[PDB]
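What follows is one structure encoded as structure tokens, with my remarks underneath.
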There are 2 protein chains.
Amino acid sequence: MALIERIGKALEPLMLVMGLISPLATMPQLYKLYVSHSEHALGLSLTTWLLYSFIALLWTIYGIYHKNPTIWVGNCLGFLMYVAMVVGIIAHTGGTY
Amino acid sequence: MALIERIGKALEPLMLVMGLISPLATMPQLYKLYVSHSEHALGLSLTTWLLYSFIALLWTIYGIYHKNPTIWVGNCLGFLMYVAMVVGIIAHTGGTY
Ligand SMILES: CCCCCCCC/C=C/CCCCCCCC(=O)OC[C@H](O)CO
Ligand SMILES: CCCCCCCC/C=C/CCCCCCCC(=O)OC[C@H](O)CO
Ligand SMILES: CCCCCCCC/C=C/CCCCCCCC(=O)OC[C@H](O)CO
Ligand SMILES: CCCCCCCC/C=C/CCCCCCCC(=O)OC[C@H](O)CO
Ligand SMILES: CCCCCCCC/C=C/CCCCCCCC(=O)OC[C@H](O)CO
Ligand SMILES: CCCCCCCC/C=C/CCCCCCCC(=O)OC[C@H](O)CO
Ligand SMILES: CCCCCCCCCCCCCCC
Ligand SMILES: CCCCCCCCCCCCCCC
């Protein structure tokens, strides 16, 4: 399986950066929630973003404990992004699932 | 830092399960997109879920390559969940960012 190996090996020095992509990718979602499409906030699941926040927090603690920035750097940024999603969903819906 | 250590150590045997939580947590978000609140799909960022899908796919390939189910199992389920988000956003908006 040359392709799987090629990609797998190529990702090795990029793993810390990889952890930053999804948190950074959440910025357009935050933009829609807070700025451009707040009237559609009810379409967002509070449950989903709460659990994202929870898991990101756990990985952050894990990574900090083991002095592994590849883990905690991306997940710390993630945690903040997903908490911002939680706050915004509550702010524009008054509460939902 | 006893608390950080306590949590960090406790998570060690749970890391595979941890990888399943966010994908499973996406189910209420998929429910809102497809079933209960499709009229608010424009509030979802296609860019965000596309990039989630992309990163999940990369981790899946990485985990498969290194025979590490703690990595690829959760990210494979994630990949499918986030692709489902992508498809649904396109289906109910006709395209957006
Ligand atoms: C605590 C964390 C909070 C901080 C993170 C929240 C970031 C919110 C904005 C991200 C910009 C990404 C989307 C780009 C928005 C560009 C705005 C603009 O240029 O105008 C609208 C544009 O035309 C669109 O169609
Ligand atoms: C007072 C603000 C201090 C922020 C430091 C928090 C530290 C924890 C990080 C959470 C990131 C997201 C924080 C939430 C961003 C606030 C957005 C907000 O509440 O806006 C509501 C809306 O504008 C009205 O309807
Ligand atoms: C364990 C990881 C998860 C941690 C999660 C951290 C966020 C906790 C919630 C903060 C809500 C603050 C939002 C304030 C919204 C402004 C007030 C408003 O507009 O109405 C909302 C009203 O309070 C309807 O309950
Ligand atoms: C390819 C991946 C696609 C498959 C994954 C997509 C899952 C979509 C539904 C998840 C259920 C979670 C939300 C629970 C919905 C319960 C429905 C119900 O009981 O009624 C509505 C309820 O009252 C609500 O308020
Ligand atoms: C024909 C279906 C076969 C599915 C196998 C795909 C394999 C890849 C996994 C992607 C998971 C999400 C797949 C997307 C689920 C389809 C939902 C859909 O298209 O619904 C549109 C809407 O109902 C109309 O407006
Ligand atoms: C690299 C990881 C990312 C991979 C991402 C995989 C998904 C690719 C998009 C499939 C769209 C299919 C959706 C079909 C929607 C039904 C038709 C419709 O309702 O209008 C949409 C129309 O095509 C407006 O473009
Ligand atoms: C493994 C997590 C699956 C999440 C499915 C639960 C959806 C129903 C909502 C109840 C939980 C809401 C409280 C926020 C955690
Ligand atoms: C590191 C990723 C940041 C994402 C910010 C880009 C938002 C603007 C939309 C352009 C990209 C849309 C194409 C889908 C990948």
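The way I read the labels, and the way they are meant: chains A, B, ... in the order of the structure tokens, residue 1 as the first residue of every chain, and ligand 1 as the first ligand shown, with later ones counted on from there.
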inquiry  = Could you list, as a PyMOL selection string, all protein and nucleic acid residues with an atom at most 7 Å from ligand 8, counting only C-alpha atoms and all ligand atoms?
reply    = (chain A and resi 21+24-25+27-28) or (chain B and resi 46-47+50-51+97)
Atoms to include: N, CA, C and O atoms. Write the selected residues as a PDB file, in the first residue's frame.
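To be explicit, this is the file written out as again-v2.pdb:
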```pdb
ATOM      1  N   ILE A  21      -5.417  22.744  12.443  1.00  0.00           N
ATOM      2  CA  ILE A  21      -6.277  22.965  11.283  1.00  0.00           C
ATOM      3  C   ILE A  21      -7.764  23.004  11.623  1.00  0.00           C
ATOM      4  O   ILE A  21      -8.461  23.930  11.224  1.00  0.00           O
ATOM      5  N   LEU A  24      -8.680  26.155  13.672  1.00  0.00           N
ATOM      6  CA  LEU A  24      -8.661  27.300  12.763  1.00  0.00           C
ATOM      7  C   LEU A  24      -9.808  27.223  11.761  1.00  0.00           C
ATOM      8  O   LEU A  24     -10.400  28.241  11.399  1.00  0.00           O
ATOM      9  N   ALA A  25     -10.124  26.006  11.327  1.00  0.00           N
ATOM     10  CA  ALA A  25     -11.231  25.772  10.400  1.00  0.00           C
ATOM     11  C   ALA A  25     -12.585  26.130  11.003  1.00  0.00           C
ATOM     12  O   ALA A  25     -13.565  26.294  10.282  1.00  0.00           O
ATOM     13  N   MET A  27     -13.240  28.832  12.551  1.00  0.00           N
ATOM     14  CA  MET A  27     -13.439  30.280  12.480  1.00  0.00           C
ATOM     15  C   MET A  27     -14.576  30.711  11.525  1.00  0.00           C
ATOM     16  O   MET A  27     -15.376  31.570  11.893  1.00  0.00           O
ATOM     17  N   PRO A  28     -14.666  30.122  10.312  1.00  0.00           N
ATOM     18  CA  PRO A  28     -15.833  30.473   9.487  1.00  0.00           C
ATOM     19  C   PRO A  28     -17.163  30.055  10.113  1.00  0.00           C
ATOM     20  O   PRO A  28     -18.186  30.694   9.869  1.00  0.00           O
TER      21      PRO A  28
ATOM     22  N   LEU B  46     -19.770  25.315   5.452  1.00  0.00           N
ATOM     23  CA  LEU B  46     -19.301  24.222   4.612  1.00  0.00           C
ATOM     24  C   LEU B  46     -17.784  24.096   4.696  1.00  0.00           C
ATOM     25  O   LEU B  46     -17.248  22.987   4.727  1.00  0.00           O
ATOM     26  N   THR B  47     -17.101  25.240   4.744  1.00  0.00           N
ATOM     27  CA  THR B  47     -15.644  25.270   4.860  1.00  0.00           C
ATOM     28  C   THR B  47     -15.172  24.499   6.089  1.00  0.00           C
ATOM     29  O   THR B  47     -14.257  23.671   6.011  1.00  0.00           O
ATOM     30  N   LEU B  50     -15.833  20.654   5.706  1.00  0.00           N
ATOM     31  CA  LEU B  50     -14.925  20.130   4.687  1.00  0.00           C
ATOM     32  C   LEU B  50     -13.538  19.895   5.272  1.00  0.00           C
ATOM     33  O   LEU B  50     -12.923  18.857   5.037  1.00  0.00           O
ATOM     34  N   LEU B  51     -13.048  20.864   6.037  1.00  0.00           N
ATOM     35  CA  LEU B  51     -11.715  20.763   6.616  1.00  0.00           C
ATOM     36  C   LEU B  51     -11.673  19.745   7.754  1.00  0.00           C
ATOM     37  O   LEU B  51     -10.655  19.081   7.950  1.00  0.00           O
ATOM     38  N   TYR B  97     -20.295  28.965   2.131  1.00  0.00           N
ATOM     39  CA  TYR B  97     -18.963  28.881   2.728  1.00  0.00           C
ATOM     40  C   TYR B  97     -19.037  28.298   4.137  1.00  0.00           C
ATOM     41  O   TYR B  97     -18.024  28.187   4.826  1.00  0.00           O
TER      42      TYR B  97
END
```
request  = Quick one: everything within 10 Å of residue 31 of chain B, counting only C-alpha atoms, minus sequence neighbours fewer than 3 positions away in the same chain. Send it as an MDAnalysis selection string.
outcome  = (chainID A and resid 43:45) or (chainID B and resid 26:28 34:38 85)
The selected residues should be written to file as a JSON list (two decimals), in the first residue's frame (atoms: C-alpha atoms).
```
[["chain", "number", "residue", "atom", "x", "y", "z"],
["A", 43, "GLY", "CA", -29.55, 24.79, 13.37],
["A", 44, "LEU", "CA", -26.46, 24.24, 15.53],
["A", 45, "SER", "CA", -26.39, 21.51, 18.17],
["B", 26, "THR", "CA", -21.86, 14.99, 15.90],
["B", 27, "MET", "CA", -25.06, 12.92, 15.60],
["B", 28, "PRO", "CA", -27.32, 15.59, 17.19],
["B", 34, "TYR", "CA", -31.15, 16.70, 8.11],
["B", 35, "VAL", "CA", -34.26, 16.26, 10.24],
["B", 36, "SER", "CA", -35.32, 18.94, 12.71],
["B", 37, "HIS", "CA", -33.79, 22.23, 11.52],
["B", 38, "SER", "CA", -32.78, 21.97, 7.85],
["B", 85, "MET", "CA", -22.30, 17.17, 7.34]]
```
ask   = Please, which residues of chain B, numbered as in this document, come out alpha helix (DSSP H) from DSSP, as a ChimeraX atom specification?
value = /B:2-11,15-25,27-31,46-65,69-93
Set out as CSV a contact list for chain B and ligand 5 with a cut-off of 8 Å, giving each residue of chain B that qualifies its closest atom pair and distance in Å to one decimal, counting only C-alpha atoms and all ligand atoms, ordered by chain and rising residue number.
```
residue,atom,partner,partner_atom_place_in_ligand_line,distance
B:34,CA,ligand 5,23 (O),6.6
B:80,CA,ligand 5,11 (C),4.7
B:81,CA,ligand 5,11 (C),6.3
B:82,CA,ligand 5,11 (C),7.8
B:83,CA,ligand 5,10 (C),5.4
B:84,CA,ligand 5,12 (C),3.6
B:85,CA,ligand 5,12 (C),7.4
B:87,CA,ligand 5,14 (C),5.7
B:88,CA,ligand 5,21 (C),5.7
B:91,CA,ligand 5,25 (O),4.8
B:92,CA,ligand 5,25 (O),5.9
```
Length of the atom CA of residue 6 of chain A to atom CA of residue 86 of chain B vector [Å] = 26.5 Å
request  = With a distance cut-off of 12 Å and only C-alpha atoms, select the neighbouring residues of segment 55-63 of chain B, excluding the residue or stretch itself and same-chain residues fewer than 4 positions from it, and output the selection as a PyMOL selection string.
outcome  = (chain A and resi 1-12+14-15+17-25) or (chain B and resi 16+19-20+22-23+48-51+67-83)
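Atom CA of residue 52 of chain A lies 25.4 Å from atom 12 (C, counted along the ligand's line) of ligand 6.
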